[PDB]
Structure formats: C-alpha cells, structure tokens
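Trainee: sequence and experimental coordinates follow.
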Amino acid sequence: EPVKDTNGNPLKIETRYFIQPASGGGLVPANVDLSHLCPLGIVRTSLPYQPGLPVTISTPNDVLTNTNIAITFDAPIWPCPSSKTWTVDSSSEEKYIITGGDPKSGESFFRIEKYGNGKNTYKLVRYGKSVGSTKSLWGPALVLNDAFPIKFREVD
Amino acid sequence: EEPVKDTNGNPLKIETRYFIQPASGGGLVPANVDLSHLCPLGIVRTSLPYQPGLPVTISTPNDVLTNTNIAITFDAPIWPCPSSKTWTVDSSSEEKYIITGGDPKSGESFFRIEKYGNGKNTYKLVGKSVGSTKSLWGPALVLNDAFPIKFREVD
Amino acid sequence: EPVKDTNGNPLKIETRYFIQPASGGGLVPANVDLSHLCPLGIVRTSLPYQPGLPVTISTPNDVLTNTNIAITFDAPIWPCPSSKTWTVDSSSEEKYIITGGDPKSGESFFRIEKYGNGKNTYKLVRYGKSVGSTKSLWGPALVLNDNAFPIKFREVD
Amino acid sequence: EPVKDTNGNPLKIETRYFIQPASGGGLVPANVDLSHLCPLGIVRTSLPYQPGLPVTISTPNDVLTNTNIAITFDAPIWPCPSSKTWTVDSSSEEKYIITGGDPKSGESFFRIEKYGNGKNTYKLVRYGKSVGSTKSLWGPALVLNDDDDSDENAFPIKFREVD
Ligand code: CLA
Ligand code: CLA
Ligand code: CLA
Ligand code: CLA
C-alpha cells in the first residue's frame, strides 16, 4: 500500500521530502565520530526548527510500503567524494547508516514499513533488520538493528 | 512609525520567534567570519535552499515598529561562545561584520528596521545600513559605509 | 630550586618551551566538548611527533620550583576573544585547565613541583591541588584534581 | 645521486621524514576548500614549530634524485576513505596535490630534484612540471605548476628525519 506524507498524501518518487523523526528537528548529514569524515552518517539535529536535509526516494511514480526503495540526500553541495545515497556501513560495529551507496545496487535498498499506532508513521527496514538509532558524536545516529519511527514531510 | 510586518503581512511581535530570511539559498545563520575568529559568531546566509535560518526574537528597549530602536537576539538551545546571542557590530574589524555577543539593553546592539524598495514586507536593517560581504561560509552581514530581509514567523 | 628543561638546563622566563608529557605527543589547544568553543582546553595530541604548542612562562629570569608562575601559549593566530594564558575552569565539574586567564592575576598562578620518577620531570600544582587529565572530546584534557599529569619542558629550537 | 636529509645523510625508503619548507612550519593535511573534505590537500602550517605530518618514501633502500618515488603520509588516524599517498587532483583547476593516490601507480610518481644553491634543498617534479604552492583555505597549498621545470615557482623543500 502507498506510503503517505504528513498531509496524508501518497509519497512520489523524485520528489523532495524531509525525513522527520516521528518520536529536536529532522535528519541531517553529520560525521559519525572523529575517525570518519566521509562518508557521512545520518543524525537527528538537536535544533528545534531545522527541517532536515531533504531526500528524494527512488525505486529500482508512487512509493509503496514493503518495496525496495533507495534514499538519496538532496543538496547543492557535497564535500565527500561519494554519493548522497543512504546505505549500511557494513565494516563498523555500530552498523551506521551512511551516505555513498549505489542507488541502483542492493546495498542501498531499504523498505518503508508501517510503525505502531499513529497514521503516516513509518520505519526503515533492511532485507528483517530495522533502522534504529545510537548515541554518537553529534547526537542520535541512524543504525541497523540486529526501530526509529519516521514521518515524511513534503518540502513545500 | 508604522508596524513591521512578517511574510504573512501580520505585524511583528516582540519575544516571538522569526526567521530573518533574505528577501533578494536559505535563511540567516551563525557561522564564524574567518579562520581567525571563532567567537563571537557572524551572521551568514546559508547556501542550503530549505534551511529556514536560526530563529531570532526581537526586543525593544508588544509591536515592533519601523524606525525604532530594536535588538535582534538569536534563539538557540545550545551556544558554544562565552557571550550573548544578540546581534551587534564588530567595531574592531575592517569589514564591520555584524556579530553576536552584544548587550540587548545597550545602544551598541540597537538596529532600526526600515522599508526596502518595491515589494511589501521587505525590510533593511539600519544612516548606516546592513549589507553583506563575501566571507568564509558565504555572504556575511556587514555594516555599510543594503541586504534586503523578510521576517518569517516560526509556526 | 630551578626548574630544568629536558637538557637539564634551567628554565628561563619569556622563553619558548613545549610542555611534553613525561609519562602520543605534546600539549595543545583543543575545545573541551561540543558545548564550548572558547575558551580552549589543553589536550595531549595523539599524533606521535607533534611537539605541542609552545608556551612561555612568566613570573609575577629563572623559573624556580614551588613559586607562582603563569603558563601562556605562544601562537601567531588565536580565534578566541580571550588570552592564551592557562587558568582553571571554575564553573565546570571537570575543572578543565582552560585558556583565557589573566597572567598577572592569581586565577592563573600554578606551581611547578618535582614529580616521582626521573630528573627533569615535573607536575603542575595549584594553590595542594595538582593538574591531572581526564578523557574528553579530543583525548586526555588537563584538569585540576581534588593522578598528577607528569610533564617535561622541552626547549623550542 | 642520493637525496640527502637536513643532516646531509642519504634518504632511505620506509623511513619517516618531515617534508619541511626550505624557503611557518612543515607540510600537513588540510582540506583544500569548503567544497572538498576528502581527499585531503597538503598545506604549509602557519604555526612556527610544527614539524609537519611525517611521510615515508617508496620506490616502485636509497632514495635517489630524478627517479620515480611515491610520498605517503604516516598517520595513526585517517578520516578519509582513501590512501595517504600524494597524487595530483587532475579534475581541479588549481591542480592541488592531494592524498588518495595509488603508491604503485604512475598517478602517484614524483621526482625529487635539486633546487637552487643551498645543499639538501629539493623540489618535487612530476613527469617537467614542478610542485609549487597556491593560496588556499588553510594557507599555502601544494599544487602542480604548468612550468618548464624552473625553480621560480617551485616550492623548495628539505627532508628532516623524524628521530
Ligand atoms: C575549537 C578549536 C580547536 C579545535 C576543535 C582543535 C582540535 C584539535 N587540536 Mg588544536 N588548536 C587550536 C584550536 C582547536 N584545536 C588553536 C587556536 C591553536 C593555536 C593556533 C591550536 C593548536 C594545536 C596544535 C599545535 C595542535 C593541535 C592539535 C589538535 C587536535 C588534538 C587531537 C589529536 O591529537 O588528534 C586528532 C588529529 C587529527 C588531525 C585527526 C582529524 C580529526 C577529525 C577528522 C576532525 C578534523 C579536525 C579539524 C582540523 C577541525 C578544526 C580544528 C583545528 C584547529 C585542528 C584536535 C584536532 C594537535 C594536532 O593533532 O594537530 C593536527 C596539535 O599538534 N592544536
Ligand atoms: C564532516 C561533515 C559534517 C559535519 C561535521 C556535520 C555536522 C553537523 N551537521 Mg551536517 N551536513 C553535512 C556534513 C557535516 N555535518 C553535509 C555535507 C550536508 C549537506 C550540505 C550537511 C547538512 C546539514 C543540515 C541541513 C543540518 C546539518 C546539521 C548538522 C549538525 C547536527 C547536530 C546538531 O544538532 O548541532 C547543533 C549544534 C551546533 C550547530 C553547534 C556545534 C557546536 C560547536 C560550535 C562545535 C564546532 C565544531 C568543532 C570545532 C569540531 C569540528 C570537528 C569536525 C571537523 C568533525 C552538526 C553540526 C543540522 C544543524 O544543526 O545545522 C547547524 C542541520 O540542520 N547538516
Ligand atoms: C564555529 C561555530 C560555527 C561554525 C563554523 C558554523 C558554520 C556554519 N553554520 Mg552555524 N551555528 C552555530 C555556529 C557555527 N556555525 C551556532 C552556535 C548555532 C546555533 C546552534 C548555529 C546554527 C546554524 C544553523 C541553524 C545553520 C547553520 C548553518 C551554518 C553553515 C552556513 C554555511 C552553509 O550554508 O554551509 C552548507 C555546507 C555544508 C554543511 C557542507 C560544508 C562542508 C564543510 C567544509 C564541512 C563543515 C562541517 C560542519 C558543518 C562544521 C562544524 C561546525 C558546526 C558548528 C556547524 C556553516 C557550516 C546552516 C547550515 O548550513 O547547517 C549545516 C544552518 O541552517 N548554523
Ligand atoms: C578535513 C580534515 C582536516 C582539516 C580541515 C585540517 C586542517 C588543518 N590541519 Mg590537518 N590533518 C588532518 C586533517 C585535517 N586538517 C589529518 C587527517 C591529519 C593526520 C592525522 C592531519 C595532520 C595535521 C598536522 C600535523 C597539522 C595539521 C595542521 C592543520 C591546519 C593547517 C593550517 C594552519 O596552520 O592553522 C593554524 C591555526 C590554527 C590551528 C587555529 C585555527 C582554528 C580554527 C578557527 C579552527 C576552525 C574550526 C571551524 C569550526 C571550521 C572548520 C572547517 C572544517 C569543518 C573543514 C589546519 C587547521 C597543522 C596545525 O596547525 O595544527 C592544528 C599541523 O601541524 N594537520
């Protein structure tokens, strides 16, 4: 079934959305620790009115639940030599969700699933392993569990 | 001596949060002016399109009126500099950067909101107006010898 | 008695020294945590051949043990609106040794004392409260104890 | 002929050296501008007594002049997903010397040549295009000159052994 935004409208591919915590402000690029600059991790900003860095969703025009999708940050500047596409830091113990994935490759595929109670609330799951958060340098950072509830706000 | 209006045409209120958005990239934010100064912070225009800016509250020494002494203070849950979030002029610098750390009750921190050019709800900060200069992180607010702004209410 | 450098020579005021851990490289400015940029703390660099940021010692020309001295970083550029003089962050729980002190004021007075093993090895003590270290953002940061952080003074050639 | 260090001793491969400006302190990693974090550029530190970040030299045990060598930073921490080996940023207009090269590949080969009068003073040349410097974010950054291999805009260097 269709993934809905905060206005209850269906999510469209190639459309800009803030991924906002459903449970501070939105989700943003920040480095995971002082040992890694690139690629970047995804942290919840502690600043109350910051909407997040927008993302576009792509499918290998509706975004449906339980289907393979790829999340890519939308930014006019990017200081890392790799992509803005979310992926899993396989090497790390923490299993941080990091940038630099290939949006056409399976290493970058997540699934948007419904999350408990409230409407328009979702979780990211990787194939069942869900995306959660861990305390890190800049605040809560997205990690692959062995769930971090999110909403999608349309960028007006 | 008429009311300053926000982007919705509503009058500005003191002790209310507003994004100061360029009228002319996203809103106005704290960033350091160059690699020689960390504190206090300057005010730069973010190059990221949907960043609203760091909110400010306006205070008067409840309406904010044009051509009256006001003080602009950043609203932030964290502040890593040992001084205030109140805008003021970096007197020492050649560039005359608008910097944080002013005293909101003191005259060193008084600006006046004046009408700018054509469009409604467009203003400037002032007979020396606030403009911008190229700096480290992008356009930084400076005192001229005008940088047009709108006030968006933080909903 | 005179404080000696790593060459066994007496320390002189207004002379540049690296304060090197006696126990990684020398002592350097870094911020203590992500909530404070200025003033700066003093951390031990984890990079093996970095000598530290040099300091000059001042007295309110010989530097003697158990006498009031003030430590001031020597740097051509300084991005904080305060001094390069070491002092104690009174407000913090950790009691970080921070920059921004007044070198003529008592808030900035430390005493160089002999430390245990080996010649030319010293500790900083504040009036007895000694200077130790704590884990912080960038690595071990100098703090005032209630574990003394042993130091040598290397002359800057 | 052998490249000599600041003590006049011949340079050895797999040995740590500070590359110090012959002409501020030594050469260090810093980003080139606010648009690039990785890979890193090479800047001259403006802090007088900072020796530089040490490098080891490798040859595809003596380091000789006018022979292909590769310069690799020696560092306990490295936050970029690529190597510590110097190479040329081909894409950039400035032609910054950047990290992330392959030390066994030709993209990373420099040649150490004599510079001017004074002994133990050298330049880096790429095959004749010499390494110079340009004003950048953190200070003078190493760049590849266009040059007919002269010492005019070449960035003169000494090698200090890390004791
Ligand atoms: C808020 C400002 C600030 C911050 C965050 C730092 C942070 C640091 N300083 Mg310091 N420093 C400052 C102000 C600051 N300093 C000032 C004003 C001076 C006088 C000019 C100095 C003089 C100084 C000296 C002489 C040295 C340091 C060193 C260090 C590092 C100690 C950690 C380490 O040994 O390995 C970690 C080191 C790495 C290089 C790994 C990279 C770490 C991650 C990816 C973050 C990138 C850091 C980046 C450059 C941030 C800008 C801060 C910059 C001043 C370093 C750390 C990067 C030591 C050092 O290591 O130099 C590089 C050192 O020798 N400092
Ligand atoms: C290495 C790269 C890097 C780093 C370190 C950061 C860091 C951060 N990003 Mg991000 N970001 C990046 C890349 C980076 N990002 C890229 C490439 C983009 C796309 C262009 C973004 C887009 C982005 C957006 C849209 C937002 C952030 C935000 C944040 C902040 C989240 C935590 C917070 O709530 O701060 C709140 C606290 C502060 C801002 C004060 C910080 C405390 C002091 C001043 C520390 C100063 C740094 C110190 C010297 C150490 C330097 C080390 C560093 C080199 C690792 C944090 C400052 C959010 C934010 O808060 O914006 C400011 C936010 O909305 N990011
Ligand atoms: C030393 C202190 C300091 C520094 C260096 C900065 C720097 C910056 N701030 Mg600010 N800020 C500060 C203090 C600081 N701020 C404080 C105390 C607050 C109140 C909490 C804020 C609140 C704030 C907000 C709300 C916003 C900023 C934004 C910005 C950016 C404006 C330029 C841009 O559009 O880049 C965009 C380009 C990038 C993010 C990628 C550049 C790659 C560089 C080379 C690496 C930079 C890493 C990291 C962001 C630097 C660490 C410093 C950190 C404090 C931000 C710039 C990165 C805007 C922003 O862009 O958010 C991130 C923004 O919306 N600031
Ligand atoms: C992106 C990563 C990064 C960045 C930005 C830097 C930047 C710098 N490095 Mg390097 N370095 C790195 C990675 C990095 N390095 C790595 C991975 C290593 C190996 C572990 C090193 C090893 C190294 C050594 C050994 C040395 C440096 C030094 C320097 C400085 C050279 C300019 C100078 O003389 O300042 C002098 C002036 C100051 C240090 C005071 C300026 C303080 C400013 C205001 C801090 C700015 C913070 C602000 C939030 C903006 C940050 C932007 C950032 C996000 C890009 C500069 C701060 C030299 C140095 O000077 O020591 C720190 C030095 O000796 N580097």
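Mentor: Structure's in. What do you need? Numbering: from 1, shown residues only, chains lettered A, B, ... in the order given. Ligands and ions are numbered 1, 2, ... in the order given.

Trainee: what does chain A put close to chain C?
Mentor: Residues of chain A lying near chain C by C-beta under 8 Å from any C-beta of the partner chain: A:34, A:137, A:138. For every residue, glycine as well, the C-beta is placed using N, CA and C.

Trainee: which among these end up buried?
Mentor: Buried members of those, counted by 16 or more other C-beta atoms under 10 Å in any protein chain shown: A:137, A:138.

Trainee: which one among the residues of chain A next to chain C gets closest to residue A:72?
Mentor: Nearest to residue A:72, judged by C-beta to C-beta, of the residues of chain A next to chain C is residue A:138 at 20.7 Å.

Trainee: skip the chain neighbours and tell me the closest residue to that closest one.
Mentor: residue A:30 (4.0 Å; C-beta to C-beta, 6 or more residues apart in numbering or on different chains).

Trainee: returning to that earlier point: can you tell me which of the residues of chain A next to chain C lies closest to ligand 4?
Mentor: Nearest to ligand 4, judged by C-beta to the nearest ligand atom, of the residues of chain A next to chain C is residue A:34 at 10.1 Å.

Trainee: ok, the closest residue to the closest one other than its chain neighbours - contacts?
Mentor: Distances taken as C-beta to C-beta, 6+ apart put residue A:137 closest to residue A:34, at 6.7 Å, once the chain neighbours are dropped. By C-beta atoms under 8 Å, 6 or more residues apart in numbering or on different chains, residue A:137 lies in contact with A:30, A:31, A:32, A:33, A:34, C:34.

Trainee: out of those, name the ones that lie in strands.
Mentor: residue A:30 (DSSP state E).

Trainee: how many neighbours does the residue lying closest to residue A:127 once chain neighbours are set aside have?
Mentor: Distances taken as C-beta to C-beta, 6+ apart place residue A:111 nearest to residue A:127, at 6.4 Å, with adjacent residues excluded. For residue A:111, the neighbour count with other C-beta atoms under 10 Å in any protein chain shown is 19.

Trainee: is any residue of stretch A:32-50 near ligand 1?
Mentor: Yes. Stretch A:32-50 reaches ligand 1 (C-beta under 6 Å from any ligand atom) through A:34, A:37.

Trainee: endpoints of that stretch, how far apart?
Mentor: 19 Å (C-alpha to C-alpha, to the nearest Å).

Trainee: buried set for that stretch?
Mentor: Those would be A:32, A:36-45, A:47, A:49-50, for stretch A:32-50 by 16+ other C-beta under 10 Å.

Trainee: and what of stretch A:57-76?
Mentor: Within stretch A:57-76, the residues that count as buried by 16+ other C-beta under 10 Å are A:57, A:58, A:63, A:65, A:69, A:70, A:71, A:72, A:73, A:74, A:75.

Trainee: going by neighbour count, list what's buried in stretch A:132-143.
Mentor: Using 16+ other C-beta under 10 Å as the test for burial, stretch A:132-143 gives A:132, A:133, A:136, A:137, A:138, A:140, A:141, A:142, A:143.

Trainee: stretch A:142-156 now?
Mentor: Judged by neighbour count (16+ other C-beta under 10 Å), stretch A:142-156 contains these buried residues: A:142, A:143, A:144, A:145, A:147, A:148, A:149, A:150, A:151, A:152, A:153, A:155.

Trainee: any idea how far that stretch is from the middle of the chain?
Mentor: Counting by C-alpha atoms, centre = their mean, to the nearest Å, stretch A:142-156 is centred 5 Å from the centre of its parent chain.

Trainee: near ligand 2, anything from it?
Mentor: No. Stretch A:142-156 is not in contact with ligand 2 by C-beta under 6 Å from any ligand atom; minimum separation 11.9 Å.

Trainee: does chain B have contacts with that stretch?
Mentor: Yes. Stretch A:142-156 is in contact with chain B by C-beta under 8 Å from any C-beta, via residue A:155.
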